[PDB]
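The structure appears below as structure tokens.
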Amino acid sequence: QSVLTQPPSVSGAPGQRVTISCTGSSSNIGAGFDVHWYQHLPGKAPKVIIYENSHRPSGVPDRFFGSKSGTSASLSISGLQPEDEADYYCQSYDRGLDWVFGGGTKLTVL
Amino acid sequence: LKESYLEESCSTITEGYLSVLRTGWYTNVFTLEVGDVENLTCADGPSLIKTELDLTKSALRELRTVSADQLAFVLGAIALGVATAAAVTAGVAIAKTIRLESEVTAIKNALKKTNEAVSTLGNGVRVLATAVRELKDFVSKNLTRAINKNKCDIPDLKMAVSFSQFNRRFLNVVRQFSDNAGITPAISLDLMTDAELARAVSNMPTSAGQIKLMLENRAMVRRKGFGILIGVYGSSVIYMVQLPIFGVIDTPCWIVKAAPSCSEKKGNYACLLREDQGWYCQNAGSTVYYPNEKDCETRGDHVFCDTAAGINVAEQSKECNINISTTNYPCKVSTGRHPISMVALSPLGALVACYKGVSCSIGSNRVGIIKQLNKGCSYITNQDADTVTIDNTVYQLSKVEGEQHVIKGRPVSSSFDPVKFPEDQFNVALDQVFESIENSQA
Amino acid sequence: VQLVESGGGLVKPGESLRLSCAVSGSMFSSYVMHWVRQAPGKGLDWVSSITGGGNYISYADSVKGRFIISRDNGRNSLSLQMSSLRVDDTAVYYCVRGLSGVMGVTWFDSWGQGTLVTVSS
């Protein structure tokens, strides 16, 4: 029932590129502000993985790349060592007086 | 509120305020269209309609001459007036961005008849396109049918007075733009109606309570903003305006003031002044210092400081407002051989450090002169007295209530000898003063 | 910067409980704070926002009115009263800090471990 939509059907082999698409509406994203993405591995408290669509904080490898354009936001992940198995979430500030998240997407490596 | 009076540095600190940090600028573009009045002419002699139409013609013609730009360490002095310079630099930069023929034609075909028609630029900035079309509706429905073979002396003066109350907005805005040469110092009630300002506020990209504080404190938000002319294209006059965007809200802030403490013995003076007076606020764990006074303004229990003129400092500066004797942070002071009778004005109370040569006392409105003030670094509150008098100059105290505390301490001026006291210095740290004393004695 | 909270357990539908959160930062009053929740097997969902000191709060529309938020800067503590329950509120709750950017936008970071709350029956 999350208004932010993203396909929870991504997996594959180690090493190659995988892409996550996070899309809303004009009231959701527009062009005033941005999207922030959070990773969540099971068994531990989730942490922020990227903010301001590009600003990697301390403690994250440069394998993770993000972008936003129009209303659509894109994640590119390469070099999949098996430990980066987690759920991924978006956030947005749509004007319905609510801080809505995304639908959540599982990512595993065969 | 909380007031703390430090004796050992002759300083006052006032905390308990709530933060409003002006951080962002929202560009807001307006257009108002007039029509084919350039092909409308009065040739039947003098008339009220003729004179008001000629006033509109002359106003829109002289508006074309304004074409933007030129019509087509001492911490206080370093940041002196830099916030206004940065604001007008950002304004003229975004004005140059939006002063393009393809951009204005695009914004005209984008606005059509939908009022708010938000769009993007070449580099990409939210602009919130809006047209006001009441005078176009009036001229299309009434005025063109009213005018016939250039007969402007019609008997219906109702059309004349309605045209007056309609074009008074355009005449008013062009008269501010003629008075201020395109750079308005504030926003008049004619540039922003309350509904338009609320519409601009609700579309400002920020959180919930940010929008709330934008809403119920809109008057001095209108005071803070300023509008810049862009130009006339087709029959449409297009201008813009910068709205402040308050991003950092509800954080404690404090203001520090000081007066020179002068150790005196046998006609020997040694005065020291804290040079870090001003505003301090917190945001995301970092401390922002505003040394200037014009950039920041109090209202109720809230403060409104500008982050452009502010500087970034550390937490340890706070520890020289408490433990200046044993501090590690060398926050700045100044040295002098002579006292200065400059009066300190706390937001709650006041301080006077007047010395030999003048007279000081306190007074009350209901009774009169209460008592004289002994020589030294003296503090007074609004509860004890109403006004403070030095020689012939009288200062008033605000009646804002709060709670106060005085930190007992031996003044740091008394720990030095005026004989070995060094020459006069500006903006040097206290440890620098101590090591200068040590070097001069050695 | 670590932080802890507690106050949940096996709770019958309807009654009010208190969630007390004991974040220990360098200095507290600078940070807006938020509560989020994690239903088991579903996605995360935002619960509540509170700013620095007790005046500008907001809630999600599903939890409007039923929830009370407060914080004491002197004690360095955070308080939530949770009331008028229905069974689908079973979730793990997180206190999160509000390290902000260059604007009014902020991202949740330095999350707590979480406290589990069951509502149904």
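Chains as they are written, first to last, in the authors' numbering: chain E, 1 to 110; chain F, 19 to 90, 103 to 472; chain D, 2 to 122.
All C-beta atoms in this analysis are idealised placements derived from N, C-alpha and C, irrespective of residue type, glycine included.
Runs of beta strand (DSSP E) with 3 or more residues, each lying fully within the region 336 to 408 of chain F, are found at 341 to 343, 362 to 366, 380 to 382, 390 to 393 and 399 to 402, listed in chain order. Of the other Cβ atoms in all chains shown, fewer than 16 fall within 10 Å of the Cβ of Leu117 (chain D); this residue is therefore exposed. Annotation: Cβ neighbours of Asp34 (chain E) in chain D (cutoff 7 Å, chain order): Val106. Within the region 36 to 55 of chain D, the residues whose Cβ lies closer than 8 Å to any Cβ of chain F are, in chain order, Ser50, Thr52, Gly53 and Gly54. Contact between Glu133 (chain F) and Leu158 (chain F) does not hold, since their C-beta atoms are separated by about 15 Å, which reaches or exceeds 8 Å. Counting along the chain, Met34 (chain D) sits inside the beta strand (DSSP E) bounded by residues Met34 to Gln39. The DSSP-derived three-state label of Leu58 (chain F) is coil. When secondary structure is reduced to three states using DSSP, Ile467 (chain F) falls in the helix class. Rounded to the nearest angstrom, the gap between the Cα atoms of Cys22 (chain D) and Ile285 (chain F) is 31 Å. For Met83 (chain D), the enclosing beta strand (DSSP E) begins and ends at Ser78 to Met83.
At a Cβ-Cβ threshold of 8 Å, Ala123 (chain F) and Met270 (chain F) do not count as neighbours. Note on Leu227 (chain F): 16 or more other CB atoms within 10 angstroms of its CB, so buried under the neighbour-count rule.
The distance from the Cβ of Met83 (chain D) to that of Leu20 (chain D) is about 6 Å, consistent with a contact at the 8 Å cut-off. Rounded to whole angstroms, the gap between the alpha carbons of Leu45 (chain D) and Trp36 (chain D) is 11 Å. In the DSSP assignment, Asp46 (chain D) falls within the unbroken beta strand (DSSP E) covering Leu45 to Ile51. As summarised for the region 156 to 218 of chain F, the continuous alpha helix (DSSP H) elements at least 4 residues long and confined to that stretch are 164 to 168 and 187 to 209, given in chain order.
At a cut-off of 8 Å between C-beta atoms, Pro282 (chain F) counts as an interface residue with respect to chain D. Under the 8 Å criterion on CB atoms, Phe109 (chain D) is classed as interfacial with respect to chain E. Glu16 (chain D) counts as exposed, since fewer than 16 other beta carbons sit within 10 angstroms of its beta carbon. The straight-line gap separating the alpha-carbon atoms of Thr317 (chain F) and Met28 (chain D) is approximately 11 Å. Residue-level contact by beta carbon fails for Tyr38 (chain E) and chain F, as no gap is shorter than 8 Å. Of D:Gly102, D:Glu6 and D:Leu81, the smallest CA-CA separation from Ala45 (chain E) is found for D:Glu6.
Cβ contact annotation for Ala216 (chain F) (same chain, cutoff 6 Å, sequence separation greater than five): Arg253, in chain order. One Cα belongs to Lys171 (chain F), the other to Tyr320 (chain F), and the distance between them is close to 55 Å. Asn46 (chain F): member of the beta strand (DSSP E) spanning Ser29 to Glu51, first to last residue. With fewer than three CB-CB distances shorter than 8 Å, the region 30 to 38 of chain F does not count as touching the region 224 to 241 of chain F. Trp37 (chain E) is bridged by DSSP to E:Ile50. Contact annotation for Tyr51 (chain E) against chain F: no contact, minimum CB-CB distance about 13 Å [criterion: below 8 Å].
Per DSSP, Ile29 (chain E) lies in no beta strand (DSSP E) segment and is marked neither H nor E. Per DSSP, reduced to three states, the secondary structure at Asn139 (chain F) is helical. Taking a 10 Å sphere around the C-beta of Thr337 (chain F), we find 16 or more other C-beta atoms and assign the residue as buried. Secondary structure at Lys44 (chain E): coil, using DSSP grouped into helix, strand and coil. Residues of the region 9 to 31 of chain E with a Cβ closer than 8 Å to any Cβ of chain F, in chain order: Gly30 and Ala31. When the Cα atoms are used, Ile137 (chain F) and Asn57 (chain F) turn out to be separated by approximately 25 Å. Taking 8 Å as the CB threshold, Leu4 (chain E) stays off the interface with chain F. Residue pairing for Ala73 (chain E): DSSP places it in a beta bridge opposite E:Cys22 and E:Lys68.
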